[PDB]
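Presented below, as structure tokens, is a lone chain in the form deposited in one PDB entry.
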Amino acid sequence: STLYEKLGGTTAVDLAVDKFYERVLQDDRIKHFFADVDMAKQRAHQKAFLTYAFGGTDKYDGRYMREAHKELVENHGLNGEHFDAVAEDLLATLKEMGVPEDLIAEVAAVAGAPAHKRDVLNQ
């Protein structure tokens, strides 16, 4: 079974992403990164992306992480502390949802992988 399946499939990822962005938009460390972002589109992209990242689909139909975040890094100071806040807010959300700690560990490994971090941060 994939991580996506184990989490609860579409409805779990849908709820997690909704809740995650509710948390992010109240998080003073990072909320301003989203000030000019269409959140309906963002929510849809993230549901699709995490579905992919959790093994629910073979491909992500949207931008690569590096291009997606380039303008934040170059113009808005996006750094490692912001990255950790995002990972932390994602894990807090799953925890709140009652996700078992072994699956939170699996998500931690995806969100913290260098192939993710280096591209997001354009490092």
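Residue positions are given as counts along the sequence shown, with the first one as 1. The term rigid core refers to the most C-alpha atoms you can superpose between the two forms while keeping them within 1.5 Å.
Heads up, the form deposited in another entry isn't pictured, but that's what we're talking about next.
With the core held fixed by superposition, the comparison between the shown form and the other one singles out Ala53 as the only member of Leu78, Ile30, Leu94, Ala53 whose CA moves by at least 2 angstroms. When the rigid core is held fixed, the Cα atom of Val107 travels less than 2 angstroms between the shown form and the other one. Core-superposed comparison between the shown form and the other one: the Cα of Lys6 travels 2 Å or more. In the other entry, the Cα-Cα separation between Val13 and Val110 grows by 3 Å or more relative to the displayed conformation. A decrease of at least 3 Å in the separation of the C-alpha atoms of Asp58 and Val24 is found in the other entry, compared with the displayed form.
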